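A short write-up of the structure that comes next.
Worth knowing before you read on, the calculation uses all heavy atoms, side chains too, and leaves out hydrogens, waters and symmetry mates. One is the number of the first residue; the rest follow in order along the sequence. Both ligands and their constituent atoms are indexed starting at 1 by order of listing.
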Amino acid sequence: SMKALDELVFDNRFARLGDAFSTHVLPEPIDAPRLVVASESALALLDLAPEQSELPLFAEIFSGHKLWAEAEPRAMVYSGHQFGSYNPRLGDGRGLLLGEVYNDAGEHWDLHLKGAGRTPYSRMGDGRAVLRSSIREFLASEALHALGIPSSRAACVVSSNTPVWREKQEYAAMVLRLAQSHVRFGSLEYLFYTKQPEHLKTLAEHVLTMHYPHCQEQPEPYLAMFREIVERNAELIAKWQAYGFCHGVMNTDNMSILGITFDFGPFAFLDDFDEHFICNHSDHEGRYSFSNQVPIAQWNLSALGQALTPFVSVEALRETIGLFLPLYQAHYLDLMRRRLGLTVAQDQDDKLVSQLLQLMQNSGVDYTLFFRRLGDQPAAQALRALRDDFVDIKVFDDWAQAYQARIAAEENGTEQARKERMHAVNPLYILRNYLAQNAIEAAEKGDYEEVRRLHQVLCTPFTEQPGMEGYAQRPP
Ligand SMILES: Nc1ncnc2c1ncn2[C@@H]1O[C@H](COP(=O)(O)OP(=O)(O)NP(=O)(O)O)[C@@H](O)[C@H]1O
Ligand SMILES: [Ca+2]
Ligand SMILES: [Ca+2]
Ligand SMILES: [Ca+2]
Ligand SMILES: [Ca+2]
Ligand SMILES: [Cl-]
Ligand SMILES: [Mg+2]
């Protein structure tokens with residue numbers, strides 16, 4: 001049953017690994033905490049109901065004022081390649097692993113409070129996050145999960161009137177991030193490149209036993225684990241590409257060891273399709289552009305593989321990395337076939353998908369709404385309506401014919417079954433930047449109605465909701 005805040009059970013596994021992997025650090029509170037928004041689904045991971053998130057004590061805990069005695073807040077140490085260049089020392093500069101909760105299902109869940117204050121790893125930073133940062137990370141975490149895209153989760157956002165300077169005067173907020181691990185590729189890189197072989201093995205054994213235990217029985221457990229990580233990453237990137245999620249900062253310290261989306265900063269969901277969109281205004285070379293996310297993910301896996309060379313041969317590691325691209329293409333094509341309402345794999349499907357994207361590229365076509373409208377009517381009628389959005393309208397007619405011929409080349413069910421199949425994987429509502437911005441503006445004025453409704457709508461992004469037509473609109 002849903003329990004009280006005082007009934008949470010803690011089992012702080014990572015804290016017990018010692019001071020070589022993290023440092024005990026308490027949060028620095030922020031003033032006048034208020035609950036901005038909370039996720040019922042995320043809270044359920046901790047056996048908590050939404051009503052427990054409305055308690056003053058709840059806002060106090062996740063703004064740094066109070067903390068269970070059974071917790072042990074810790075700042076992790078890690079490193080990472082940042083935009084291709086190795087940085088020998090990063091770590092939790094503005095967040096803390098408060099502890100790990102053991103829920104009734106028998107699962108361990110990290111409680112990471114992001115924006116909790118300065119730590120030994122903050123360097124010159126203030127250890128804070130501003131309200132717009134916390135709200136965007138909360139919305140994207142839970143929107144991705146509702147979409148079926150593996151992601152770190154977010155339980156709540158808590159506001160404050162603690163001043164924080166960025167470009168202008170802003171105010172500190174914290175987001176409670178939940179995940180079953182906060183270990184990153186960069187966690188292993190740090191121990192590898194500082195040549196701490198005992199601790200590197202202890203961390204790899206922690207990841208192995210807690211998250212890939214089936215691999216322990218195999219002749220080379222760390223090779224099997226690496227293969228599983230490569231698989232999870234291929235599935236993750238396939239979902240990003242299929243649904244137009246741009247991360248923006250795919251540094252190796254932001255690659256989760258579990259294959260979940262991690263660290264939401266300058267992300268963006270594509271509005272108009274653009275295979276080369278650069279969502280990060282600081283990514284001057286386009287290293288983390290939409291299309292580059294595929295080769296970058298492979299590069300990051302090679303960087304992870306380096307940290308495992310003490311245990312696995314270079315040849316075996318590089319052979320495993322070679323599985324990434326075919327696995328990505330398999331899952332990507334599967335996802336895009338489903339977005340097109342197709343239910344079997346046929347030889348030229350990759351060309352069909354590729355041709356659709358090239359037609360979208362310079363025609364100003366909304367990625368999400370194209371696939372939703374494609375399924376909302378029989379293909380012939382939907383395509384006649386979508387015709388006008390394309391510049392090369394006669395090339396599109398040829399693609400539309402190829403698509404209708406592809407439908408006819410398989411048993412595709414009734415028109416109604418097709419509609420339900422496609423609307424079950426094609427969202428009507430997505431976390432568009434302009435929608436998040438409107439929620440942020442209202443919240444910065446003290447009005448949290450908008451951010452809450454937007455979050456609510458995205459909990460069921462595939463289901464039409466009455467009166468929410470504004471959330472299905474293209475950007476104005
Ligand atoms: N305001 C800040 N104060 C202190 N450290 C910071 C601050 N902003 C970023 N950092 C650190 O700078 C590095 C790069 O930040 P980034 O990759 O954006 O991660 P993050 O969003 O700060 N936290 P996380 O989501 O857990 O990766 C990390 O080691 C951060 O902890
Ligand atoms: Ca970040
Ligand atoms: Ca085009
Ligand atoms: Ca257009
Ligand atoms: Ca039929
Ligand atoms: Cl920030
Ligand atoms: Mg980061």
Side-chain angles (χ1 to χ4, degrees), residues 14 22-23 25 27-28 30 73-83 85-98 110-138 140-141 151-154 162-167 170-179 181-187 189-190 247-258 260-267 279-283 288 300 341-344 378-379 404 406-418 421:
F14 202 84
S22 70
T23 303
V25 182
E28 294 170 344
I30 58 187
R74 299 197 73 92
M76 286 183 198
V77 65
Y78 58 78
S79 60
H81 290 86
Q82 293 184 309
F83 286 86
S85 292
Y86 186 56
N87 186 328
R89 187 178 156 93
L90 299 169
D92 288 337
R94 61 170 177 170
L96 302 174
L97 177 71
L98 301 178
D110 295 0
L111 268 63
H112 180 103
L113 188 58
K114 183 164 181 182
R118 282 167 282 109
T119 79
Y121 312 101
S122 310
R123 286 172 294 173
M124 306 305 290
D126 56 11
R128 298 302 193 192
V130 298
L131 185 52
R132 58 173 168 76
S133 167
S134 308
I135 287 175
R136 275 174 52 84
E137 184 142 29
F138 170 90
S141 298
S151 173
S152 65
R153 306 292 301 280
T162 294
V164 168
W165 192 270
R166 292 288 178 263
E167 283 292 330
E170 293 189 81
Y171 291 95
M174 303 188 192
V175 56
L176 179 57
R177 175 168 61 196
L178 304 183
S181 180
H182 278 71
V183 173
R184 312 114 184 272
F185 295 6
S187 309
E189 291 179 297
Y190 175 77
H247 187 282
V249 191
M250 295 174 71
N251 300 336
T252 58
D253 51 299
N254 288 337
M255 301 295 102
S256 167
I257 209 72
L258 298 180
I260 59 174
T261 310
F262 207 88
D263 189 348
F264 295 91
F267 70 88
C279 66
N280 184 346
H281 68 298
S282 293
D283 181 12
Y288 299 136
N300 293 341
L342 307 174
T343 62
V344 75
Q404 288 171 91
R406 175 61 177 77
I407 297 169
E410 68 168 58
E411 178 53 60
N412 204 251
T414 68
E415 295 294 354
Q416 183 63 22
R418 170 176 177 276
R421 289 198 322 272

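Within the 4.0 angstrom cut-off, atom 18 (O) of ligand 1 has one or more protein heavy-atom neighbours.
A salt bridge between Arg166 and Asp126 is present, with a side-chain N of the basic residue lying under 4.0 Å from a carboxylate O of the acidic one. Between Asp263 and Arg177, no side-chain nitrogen of the basic residue sits less than 4.0 Å from a carboxylate oxygen of the acidic one, so the salt-bridge criterion is not met.
Residues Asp253 and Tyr190 have side chains that never bring a donor and an acceptor to within less than 3.5 angstrom of each other.
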Working for side-chain contact (heavy atoms from CB on, under 4.5 Å), residues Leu342 and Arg406
CA-CA 8 Å; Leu342 307 174; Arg406 175 61 177 77; 3.8 Å; yes
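Less than 4.0 angstrom separates some heavy atom of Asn254 from each of these atoms of ligand 1: 17 (O), 27 (O). Every atom of ligand 1 with a heavy atom of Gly125 under 4.0 Å away is listed here by number and element: 3 (N), 4 (C). Atoms of ligand 1 found under 4.0 Å from any heavy atom of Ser122 (numbered from 1 in listed order, with element): 4 (C), 5 (N). Less than 4.0 angstrom separates some heavy atom of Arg123 from each of these atoms of ligand 1: 12 (O), 13 (C). Ligand 1 places these atoms under 4.0 Å from at least one heavy atom of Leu90: 29 (O). For ligand 1, the atoms sitting less than 4.0 Å from at least one non-hydrogen atom of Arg184 are 24 (P), 26 (O), 27 (O), numbered in the order shown with element in parentheses.
Considering only heavy atoms from C-beta on, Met76 stays 4.5 Å or farther from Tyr121 through its side chain. Residues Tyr78 and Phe185 are not in side-chain contact: their nearest non-hydrogen atoms beyond the backbone lie 4.5 Å or more apart. The side-chain heavy atoms of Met255 and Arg184, taken from C-beta on, include no pair separated by under 4.5 Å. Side-chain contact between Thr261 and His247: present, with at least one pair of heavy atoms (C-beta onward) separated by less than 4.5 Å.
Atom OG1 of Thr252 and atom CG of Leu90 lie 8.0 Å apart (nearest 0.5 Å).
The single protein non-hydrogen atom nearest to atom 16 (P) of ligand 1 is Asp263 OD2, 3.3 Å, given as residue, atom name and distance. At the shortest separation from atom 22 (O) of ligand 1 among protein heavy atoms lies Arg94 NE, 2.8 Å. The nearest heavy-atom contact from the protein to atom 3 (N) of ligand 1 is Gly127 N, 3.0 Å. Of all protein heavy atoms, the one lying nearest to atom 1 (N) of ligand 1 is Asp126 OD1, 3.0 Å. Of all protein heavy atoms, the one lying nearest to atom 25 (O) of ligand 1 is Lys114 NZ, 2.7 Å. In terms of protein heavy-atom proximity, atom 14 (C) of ligand 1 is closest to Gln82 NE2, 4.1 Å.
Proximity of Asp253 to ligand 1, defined as any heavy-atom pair under 4.0 Å, is confined to the side chain (atoms from C-beta onward). Counting heavy atoms closer than 4.0 Å to ligand 1, residue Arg89 contributes nothing at all.
The closest approach between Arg166 and ligand 1 falls below 4.0 Å for a heavy atom of the residue. At a 4.0 Å cut-off, not a single heavy atom of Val249 sits close enough to ligand 1 to count as contact. Judged by the shortest distance from any of its heavy atoms, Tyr78 lies inside the 4.0 Å radius around the atoms of ligand 1. Residue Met124 places every heavy atom at 4.0 Å or more from ligand 1.
Taking the six-membered ring where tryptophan is involved, the planes of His81 and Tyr86 are tilted, since the angle between them lies from 30° to 60°.
Heavy-atom contacts from other residues, nucleotides or ligands closer than 6.0 Å to CZ of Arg421 number more than 12.
For the Mg ion (ligand 7), the set of nearby N, O or S atoms under 2.8 Å includes one belonging to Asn254.
Aromatic pair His182/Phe14: centroids not less than 6.0 angstrom apart. Aromatic rings of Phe264 and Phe138 (six-membered ring for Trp) have centroids beyond the 6.0 Å cut-off, not under it.
Taking any N or O of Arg177, backbone or side chain, at least one lies under 3.5 Å from an N or O belonging to ligand 1.
Just one of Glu28, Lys114, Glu170, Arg118 meets the side-chain contact (heavy atoms from CB on, under 4.5 Å) condition when paired with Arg128; it is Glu28.
Restricting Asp263 to its N/O/S atoms, the shortest distance to the Mg ion (ligand 7) is reached by OD2.
For atom 29 (O) of ligand 1, the nearest non-hydrogen atom from the set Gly91, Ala75, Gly93, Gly265 comes from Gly91.
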